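First, one chain by itself in structure tokens, the form described as "inward-facing" in its entry title.
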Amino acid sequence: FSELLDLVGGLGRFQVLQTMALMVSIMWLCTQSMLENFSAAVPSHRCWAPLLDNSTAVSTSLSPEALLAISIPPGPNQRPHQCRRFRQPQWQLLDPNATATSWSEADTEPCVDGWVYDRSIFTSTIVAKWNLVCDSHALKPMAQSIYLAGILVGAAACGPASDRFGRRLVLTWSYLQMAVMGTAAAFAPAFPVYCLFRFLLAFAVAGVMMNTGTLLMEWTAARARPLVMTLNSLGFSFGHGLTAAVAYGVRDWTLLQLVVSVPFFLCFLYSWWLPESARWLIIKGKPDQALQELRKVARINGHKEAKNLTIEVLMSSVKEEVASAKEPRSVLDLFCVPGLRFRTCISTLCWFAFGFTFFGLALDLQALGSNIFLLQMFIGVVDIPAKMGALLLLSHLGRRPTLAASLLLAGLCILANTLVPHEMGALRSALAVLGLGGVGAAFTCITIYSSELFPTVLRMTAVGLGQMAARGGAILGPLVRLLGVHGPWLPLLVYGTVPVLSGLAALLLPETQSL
């Protein structure tokens, strides 16, 4: 194919404008995923109680702390209980000479009159809107899991649709569906409906992710291909900073979700000016249309020499791409061939570990430190040098030790985050950020390494199995957070163990750098 790109301009003005226009969309797409650090933040809460919250009642000489001690019992964290209140005011508990033995569990009841939430950091969140607290606490990670399951299902459906209807067309309607479903999620009347619209938004997020990369590849000359994939990966890095920036100003979840959805109407509009992939058009037997796309790009780049092109030139020079129909393959082939079974297991486990760990940790920054805006910013700022350093080390040291050391760095940081005492918020934040940076670097490594462990006809199938394994592990990510009932050490121990085990396994792969 490359001769046509070289005749049309393989890295010209068009490819520059296209890379910029697609990176910007990836930034906003990243905000959509990271949003529920803020859209679903848990403000501190207690039961509603007459002496505290009945604004029409007669006043008293008591201070707020006195009334609070009189009305809500203490919880383990030296703070008011989040799910109980006293059945009758405990006037006897006001004196400092009182004892915890002065009252019994029968003197307490759950929040019959509902909850009261701290509005000082966020004006509203879904947790406050639908009372996803106490007995209902599981519903937040369930919502996150449903979104990530949407990404898995959407990626499964994207393949057939992208091959049958075209790269740009599926990208276009994915942008529109993201806009519409995000806007609808911002105004959902009930929690089940919010879950449904987040699922249908994720279904489109998968399409944007897949077709952005594909449509960059099929218009980029091979000399520039690694760089363009790297820029695609930096899109998410800047997306984290953008999430912090937008969420710092917009403290209301409805307006926040709306603000991050509205851009995709603009993405939808300008996706009509992109050209459809010329490889796909010729492979599907439409060289007369592919000729128009090629001359369109040439017009943008300025290559008047495109006057040389004809459908005969295209059909003569792209037959080698058309010939790919000869050799089908399937996922089971990876496991049948005796030499490829072991590589497949270890590679898939590494993809899984990326997805599981990242979407386990990066969606509860409120547990990792005291300021989630700075945490959300720093997991971008540190992620940039992590990705770039991965590309350096993966060239100097080979694939195997870079992948292994990246995953081991991640796992040992996340595990150390169980031992550092909760008083030391700064050090805990630092270890969390570095642990996430290691996982990003591991993503870079395993993306490249999985493209080399396999023979050329099974390369695509192996990378596909890997990507679906990562998407599948992300589903289990949030659900492991429910183990926090036994103390926050346990979710962190699990999220820390998985990358250590997969990193150790990665040492058993064969090295693939040219030696």
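Definition used throughout: the rigid core is the maximal C-alpha set that superposes within 1.5 Å between two forms. The first residue of the shown sequence is 1; numbering continues from there.
Another form exists, described as "outward-facing" in its entry title; not displayed. Remarks below refer to it.
- Core superposition between this form and the one not shown leaves every listed residue (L132, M388, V153, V250) with a C-alpha shift below 2 angstroms except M388.
- Superposition on the rigid core between this form and the one not shown places the CA atom of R481 2 Å or more away from its counterpart.
- If you fit the rigid core between this form and the one not shown, you'll see the Cα of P263 move by less than 2 angstroms.
- Comparing the forms between this form and the one not shown, the C-alpha position of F359 differs by 2 angstroms or more, with the core used for superposition.
- Whereas the shown form places them at one spacing, the Cα atoms of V133 and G496 lie at least 3 Å farther apart in the other form.
- In the other form, the Cα-Cα separation between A206 and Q467 shrinks by 3 Å or more relative to the displayed conformation.
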